[PDB]
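What follows is a short report on a single structure.
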Amino acid sequence: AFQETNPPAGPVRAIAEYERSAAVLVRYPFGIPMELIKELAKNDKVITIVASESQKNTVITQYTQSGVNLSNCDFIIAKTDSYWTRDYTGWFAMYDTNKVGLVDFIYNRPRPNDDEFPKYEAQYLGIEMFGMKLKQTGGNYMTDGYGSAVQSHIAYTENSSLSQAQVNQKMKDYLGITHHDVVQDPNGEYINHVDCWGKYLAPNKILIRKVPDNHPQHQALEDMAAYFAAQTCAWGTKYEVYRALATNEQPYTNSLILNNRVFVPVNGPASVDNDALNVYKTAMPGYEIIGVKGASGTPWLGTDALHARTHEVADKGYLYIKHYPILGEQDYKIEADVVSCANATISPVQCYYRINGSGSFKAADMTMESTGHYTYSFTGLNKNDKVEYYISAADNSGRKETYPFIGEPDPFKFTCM
Ligand SMILES: NC(=[NH2+])NCCC[C@H](N)C(=O)O
Ligand SMILES: [Cl-]
Ligand code: NA
């Protein structure tokens with residue numbers, strides 16, 4: 001059962017789903033199609049939860065027979081009640097400047113084995129765990145990686161013995177959340193999970209479910225989209241609000257962002273799926289958008305699909321780039337904090353840039369002003385010049401990261417004004 005602990009030594013920063021992932025967590029007996037596991041294992045480590053050595057051998061045989069990349073397959077032996085790894089597995093946070101930790105909570109379901117799982121996850125990953133005494137579920141949580149978290153109202157109503165202020169304080173203490181945006185769920189369904197209607201695609205992008213004009217939740221969802229469209233994101237610009245039209249409860253927001261690939265559940269008709277996949281492609285240049293059909297025995301549902309049955313795993317040796325970009329009409333100095341959770345040697349730290357969209361991107365070394373603090377000034381440009389840039393860093397543990405994560409295909413853009 002859940003065990004409360006003191007929060008992590010600060011400062012704390014919750015890691016977003018679109019940050020670097022070292023693996024993805026799935027569970028057996030499966031709630032996902034084998035084709036999805038095969039596609040995930042092609043590029044990423046797939047950790048499968050099984051209850052015993054016998055179940056591990058059964059899964060190995062299924063993976064082997066289906067041509068799954070076994071070199072990217074590992075296992076955790078732990079009892080579980082369900083395959084909703086999104087909802088009961090631990091949440092990732094950076095803390096004490098150079099560490100990655102796991103945050104446990106009271107799973108809001110009568111599933112004691114699922115509730116106990118984060119202890120096994122932290123042990124497997126070789127990371128510390130912290131017990132946040134809140135009734136929570138991963139399906140109802142998303143962070144932008146800049147201290148904001150969006151959750152439906154059950155984050156308050158399922159913690160009714162605490163004031164909203166005490167609930168907010170726990171999110172701040174254990175996950176570094178400074179903006180706990182608890183909203184009235186606009187879907188009118190029993191589940192009240194953010195992932196059934198909303199998803200941050202980047203710190204400045206949010207996807208909000210859209211339904212036909214006649215649907216009873218049409219105005220609630222339009223109001224939610226307008227609410228995000230009118231607010232300033234972590235980067236100081238208004239959110240880019242994208243909409244995925246569900247003509248018949250297709251769970252298009254219930255996708256998985258895993259490194260440079262996005263796994264979107266598709267239920268049909270093909271024309272409606274194609275429109276939703278093209279919204280992701282428009283919103284996320286450089287990402288591989290993959291439509292995934294459901295398993296006939298455990299199909300995708302409006303309230304429960306691909307995101308619900310997966311959970312990304314952060315990199316405990318994460319080469320992290322902290323940066324607030326210079327954007328739009330605009331001193332033209334960028335600053336970035338670059339820290340290695342592996343305590344690896346960081347070199348080089350570069351700014352890749354392009355002027356007026358001409359030619360290839362050019363690299364310039366950033367200056368290290370103080371430990372882990374890098375700067376670069378844009379100089380010798382002309383008024384009305386347009387700039388594209390991104391940050392690039394590598395370390396001697398073989399890690400290579402860009403900011404934004406996808407790098408060159410979606411650079412930061414500003415105009416010399
Ligand atoms: N992240 C999610 N959408 N989770 C769906 C969980 C569905 C499951 N039947 C429950 O209510 O527990
Ligand atoms: Cl403690
Ligand atoms: Na738990």
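The chain is numbered in sequence order, starting from 1. In each ligand, atom 1 is the first atom listed, and ligand 1 is the first ligand listed.
Taking a cut-off of under 4.0 Å to the non-hydrogen atoms of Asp195, the atoms of ligand 1 that pass are 1 (N), 2 (C), 3 (N). Short contacts between ligand 1 and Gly139, defined as distances under 4.0 Å to a heavy atom of the residue, involve ligand atoms 1 (N). Interface of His193 with ligand 1, defined as ligand atoms under 4.0 Å from a residue heavy atom, comprises 1 (N), 2 (C), 3 (N), 4 (N). Of all atoms in ligand 1, numbered sequentially from 1 with element shown, those under 4.0 Å from a heavy atom of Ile191 are 5 (C), 6 (C), 7 (C), 11 (O). Each of the following atoms of ligand 1 lies closer than 4.0 Å to a heavy atom of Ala308: 1 (N), 2 (C), 3 (N), 4 (N), 5 (C).
Neither the backbone nor the side chain of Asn140 has a heavy atom within less than 4.0 Å of ligand 1. At a 4.0 Å heavy-atom cut-off, ligand 1 touches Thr303 through the backbone alone.
Between the side chains of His215 and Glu249, at least one donor N or O sits under 3.5 Å from an acceptor N or O. For the residue pair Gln250/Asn267, the side-chain donor-acceptor check at 3.5 Å is not satisfied. A donor and an acceptor atom, one from each side chain of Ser82 and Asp114, are located under 3.5 Å apart. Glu240 and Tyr242 form a side-chain donor-acceptor contact under 3.5 Å, judged by distance and modelled atom types alone. There is a side-chain donor-acceptor pair under 3.5 Å between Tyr318 and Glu19. Of the N and O atoms on the side chains of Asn187 and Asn192, not one donor lies less than 3.5 Å from an acceptor on the other residue. Residues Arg27 and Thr85 have side chains that never bring a donor and an acceptor to within less than 3.5 angstrom of each other.
Note that the CZ atom of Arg86 and the CD atom of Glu17 stand 4.5 Å from one another [nearest 0.5 Å]. Rounding to the nearest 0.5 Å places CE of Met142 at 9.5 Å from CG of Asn140.
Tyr190 OH, 2.8 Å is the protein heavy atom nearest to atom 11 (O) of ligand 1. Regarding atom 4 (N) of ligand 1, its nearest protein heavy-atom neighbour is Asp87 OD2, 2.8 Å. Nearest protein neighbour of atom 10 (C) of ligand 1, counting heavy atoms only, is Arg109 NE, 3.5 Å.
Here's the thing with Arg86: none of its N/O atoms is less than 3.5 angstrom from an N/O atom of ligand 1.
Heavy-atom separations between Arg111 and ligand 1 include at least one value shorter than 4.0 Å.
Checked against a 6.0 Å centroid threshold, the rings of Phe361 and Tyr390 count as neighbours. The aromatic ring centroids of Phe412 and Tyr389 lie less than 6.0 Å from each other.
Take a cut-off of 3.0 Å around the Na ion (ligand 3): the protein N, O or S atoms inside it are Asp104 OD1, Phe105 O, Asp115 O, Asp115 OD1.
Residue pairs meeting the salt bridge (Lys or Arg N to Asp or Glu O under 4.0 Å) criterion with at least one partner in residues 170-189, sequence neighbours excluded, are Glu4-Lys170.
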